[PDB]
Structure formats: C-alpha cells, structure tokens
Amino acid sequence: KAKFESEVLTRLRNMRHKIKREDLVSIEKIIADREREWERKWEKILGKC
Amino acid sequence: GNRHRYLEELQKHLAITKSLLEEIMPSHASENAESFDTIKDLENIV
C-alpha cells in the first residue's frame, strides 16, 4: 500500500511539473508573441498606441 | 542475606516470568513488531 501511494504522489507531481514547465511555458510564449504582433500591427496603422 | 540465596529467590520469580512471557507472546509477535516503521511511512505519503 505504501509503495502504491507513493507512485500516485509521483504521478501527480510529474503531471503538475509537465503542466508548469512544459505546457504553460509554451502557451505563454505563444500568447506573448501574438499580443506583440498585434500591438505592432495596429500601432503602424494608427500612428499611436 | 547471602547473595547465593538471593539469586536463588530471584530465579524462582524469573521462572514465573519466563512462563508468563511464553504464554502471552503470539507466534507472530516478532513480525508485528517490525511493521511499525512501515505504517508511519504510509501516513506521511498520504
């Protein structure tokens, strides 16, 4: 029982680490690029922020 | 009194002790005694 529950804990940690270090880093980079591309595009068209 | 006499009286009572311990002790007493640490580890993991 102790060994099995330990495995469950490790699975949860691996899942959280995968979400925080892999999945959210990739998504946040895409969001930041998109927000910058957008701000540049309209700043050029409007001559102001 | 005499130290030999003392050890003889003590032997009489330790013999009772030995008989009581042989009666009280289950066959798996030693195994049960080893499980204590494992039980504590389970609680911490949860």
# chains A, B, ... in the order shown; residues from 1 in each chain; ligands from 1
>>> closest_atom_pairs(of="chain A", to="chain B", cutoff="10 Å", atoms="only C-alpha atoms", output="CSV")
residue,atom,partner,partner_atom,distance
A:1,CA,B:42,CA,7.5
A:2,CA,B:42,CA,4.8
A:3,CA,B:42,CA,8.3
A:4,CA,B:42,CA,9.7
A:5,CA,B:45,CA,6.8
A:6,CA,B:45,CA,6.2
A:7,CA,B:45,CA,9.8
A:8,CA,B:46,CA,9.5
A:9,CA,B:45,CA,7.6
>>> write_last_selection(atoms="C-alpha atoms", output="PDB file, in the first residue's frame")
ATOM      1  CA  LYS A   1       0.000   0.000   0.000  1.00  0.00           C
ATOM      2  CA  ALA A   2       2.830   2.499   0.904  1.00  0.00           C
ATOM      3  CA  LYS A   3       4.582   1.701  -2.386  1.00  0.00           C
ATOM      4  CA  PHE A   4       1.409   2.226  -4.469  1.00  0.00           C
ATOM      5  CA  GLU A   5       0.514   5.546  -2.827  1.00  0.00           C
ATOM      6  CA  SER A   6       3.993   6.730  -3.351  1.00  0.00           C
ATOM      7  CA  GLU A   7       3.578   6.014  -7.026  1.00  0.00           C
ATOM      8  CA  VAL A   8       0.327   8.046  -7.074  1.00  0.00           C
ATOM      9  CA  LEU A   9       2.147  11.035  -5.465  1.00  0.00           C
TER      10      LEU A   9
END
>>> select_by_dssp(residues="chain B", states="helix (DSSP H, G or I)", output="MDAnalysis selection string")
chainID B and resid 3:24 29:34 36:45
>>> write_last_selection(atoms="N, CA, C and O atoms", output="short mmCIF file (atom, residue, chain, number, x, y, z; two decimals), in the first residue's frame")
data_model
loop_
_atom_site.label_atom_id
_atom_site.label_comp_id
_atom_site.auth_asym_id
_atom_site.auth_seq_id
_atom_site.Cartn_x
_atom_site.Cartn_y
_atom_site.Cartn_z
N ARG B 3 24.08 -13.70 49.11
CA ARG B 3 23.93 -13.40 47.69
C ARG B 3 23.49 -14.64 46.92
O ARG B 3 22.70 -14.54 45.97
N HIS B 4 23.95 -15.80 47.27
CA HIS B 4 23.52 -17.03 46.61
C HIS B 4 22.06 -17.34 46.91
O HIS B 4 21.31 -17.74 46.01
N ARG B 5 21.77 -17.03 48.10
CA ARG B 5 20.36 -17.22 48.46
C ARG B 5 19.47 -16.21 47.75
O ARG B 5 18.36 -16.54 47.34
N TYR B 6 19.95 -15.09 47.59
CA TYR B 6 19.24 -14.04 46.87
C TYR B 6 19.00 -14.43 45.42
O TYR B 6 17.89 -14.31 44.90
N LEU B 7 20.02 -14.87 44.68
CA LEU B 7 19.92 -15.27 43.28
C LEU B 7 18.98 -16.46 43.11
O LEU B 7 18.26 -16.55 42.11
N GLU B 8 18.95 -17.36 44.21
CA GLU B 8 18.03 -18.49 44.17
C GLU B 8 16.58 -18.02 44.25
O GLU B 8 15.72 -18.51 43.52
N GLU B 9 16.26 -17.01 45.20
CA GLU B 9 14.92 -16.43 45.28
C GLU B 9 14.55 -15.72 43.98
O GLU B 9 13.42 -15.85 43.51
N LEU B 10 15.43 -14.98 43.43
CA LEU B 10 15.21 -14.27 42.18
C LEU B 10 14.90 -15.25 41.05
O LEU B 10 14.02 -15.00 40.23
N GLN B 11 15.57 -16.34 40.98
CA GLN B 11 15.37 -17.37 39.97
C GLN B 11 13.95 -17.93 40.03
O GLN B 11 13.33 -18.17 38.99
N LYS B 12 13.47 -18.10 41.22
CA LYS B 12 12.11 -18.59 41.39
C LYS B 12 11.10 -17.67 40.70
O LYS B 12 10.21 -18.14 39.98
N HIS B 13 11.25 -16.34 40.88
CA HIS B 13 10.33 -15.37 40.30
C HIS B 13 10.58 -15.19 38.81
O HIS B 13 9.65 -15.00 38.04
N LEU B 14 11.80 -15.24 38.34
CA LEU B 14 12.11 -15.11 36.92
C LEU B 14 11.60 -16.31 36.14
O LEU B 14 11.25 -16.19 34.96
N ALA B 15 11.55 -17.44 36.84
CA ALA B 15 10.99 -18.63 36.21
C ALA B 15 9.50 -18.45 35.92
O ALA B 15 9.01 -18.86 34.87
N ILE B 16 8.80 -17.75 36.77
CA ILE B 16 7.39 -17.43 36.56
C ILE B 16 7.25 -16.45 35.40
O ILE B 16 6.40 -16.62 34.53
N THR B 17 8.19 -15.53 35.45
CA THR B 17 8.18 -14.53 34.38
C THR B 17 8.36 -15.19 33.02
O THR B 17 7.62 -14.90 32.07
N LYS B 18 9.34 -16.04 32.98
CA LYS B 18 9.61 -16.77 31.75
C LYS B 18 8.38 -17.55 31.30
O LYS B 18 7.99 -17.49 30.13
N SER B 19 7.66 -18.18 32.19
CA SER B 19 6.46 -18.96 31.88
C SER B 19 5.33 -18.06 31.39
O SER B 19 4.66 -18.38 30.41
N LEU B 20 5.13 -16.92 31.95
CA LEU B 20 4.09 -15.97 31.57
C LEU B 20 4.36 -15.39 30.19
O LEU B 20 3.45 -15.27 29.37
N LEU B 21 5.65 -15.09 29.93
CA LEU B 21 6.02 -14.50 28.65
C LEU B 21 5.85 -15.51 27.52
O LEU B 21 5.43 -15.15 26.42
N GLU B 22 6.11 -16.76 27.83
CA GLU B 22 5.92 -17.80 26.83
C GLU B 22 4.44 -18.01 26.52
O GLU B 22 4.07 -18.25 25.37
N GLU B 23 3.62 -17.70 27.45
CA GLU B 23 2.18 -17.88 27.28
C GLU B 23 1.56 -16.69 26.56
O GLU B 23 0.69 -16.86 25.70
N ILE B 24 2.01 -15.49 26.81
CA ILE B 24 1.41 -14.25 26.34
C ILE B 24 1.85 -13.97 24.91
O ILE B 24 1.11 -13.38 24.12
N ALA B 29 4.57 -12.31 16.92
CA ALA B 29 4.89 -11.12 17.70
C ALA B 29 6.10 -10.40 17.12
O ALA B 29 6.11 -9.17 17.02
N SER B 30 7.05 -11.12 16.69
CA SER B 30 8.26 -10.52 16.12
C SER B 30 7.95 -9.82 14.80
O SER B 30 8.43 -8.71 14.56
N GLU B 31 7.05 -10.38 13.97
CA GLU B 31 6.65 -9.78 12.70
C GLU B 31 5.83 -8.51 12.92
O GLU B 31 6.03 -7.51 12.22
N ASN B 32 4.99 -8.56 13.74
CA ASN B 32 4.20 -7.39 14.08
C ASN B 32 5.08 -6.23 14.54
O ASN B 32 4.85 -5.08 14.16
N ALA B 33 6.08 -6.61 15.36
CA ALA B 33 6.97 -5.58 15.89
C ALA B 33 7.74 -4.88 14.77
O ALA B 33 7.93 -3.67 14.79
N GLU B 34 8.00 -5.50 13.62
CA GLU B 34 8.77 -4.96 12.50
C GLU B 34 7.91 -4.06 11.62
O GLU B 34 8.43 -3.22 10.89
N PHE B 36 5.93 -1.46 12.39
CA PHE B 36 5.75 -0.12 12.95
C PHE B 36 6.28 0.94 12.00
O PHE B 36 5.57 1.90 11.67
N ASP B 37 7.41 0.94 11.46
CA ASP B 37 8.03 1.93 10.59
C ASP B 37 7.29 2.03 9.26
O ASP B 37 7.08 3.13 8.74
N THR B 38 6.87 0.92 8.77
CA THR B 38 6.15 0.91 7.51
C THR B 38 4.80 1.62 7.65
O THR B 38 4.38 2.34 6.74
N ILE B 39 4.19 1.49 8.72
CA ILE B 39 2.90 2.13 8.98
C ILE B 39 3.08 3.64 9.05
O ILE B 39 2.30 4.39 8.46
N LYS B 40 4.06 4.08 9.69
CA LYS B 40 4.36 5.50 9.78
C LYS B 40 4.71 6.09 8.41
O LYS B 40 4.29 7.20 8.08
N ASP B 41 5.38 5.45 7.57
CA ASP B 41 5.72 5.89 6.22
C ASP B 41 4.46 6.06 5.36
O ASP B 41 4.34 7.03 4.62
N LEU B 42 3.55 5.22 5.47
CA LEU B 42 2.30 5.29 4.73
C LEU B 42 1.53 6.56 5.08
O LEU B 42 1.05 7.27 4.19
N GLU B 43 1.41 6.85 6.32
CA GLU B 43 0.72 8.05 6.77
C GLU B 43 1.36 9.31 6.18
O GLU B 43 0.65 10.18 5.66
N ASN B 44 2.62 9.47 6.18
CA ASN B 44 3.33 10.64 5.65
C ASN B 44 3.13 10.78 4.15
O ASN B 44 2.93 11.89 3.65
N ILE B 45 3.14 9.74 3.42
CA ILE B 45 2.96 9.77 1.97
C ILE B 45 1.55 10.27 1.64
O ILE B 45 1.38 11.08 0.73
#
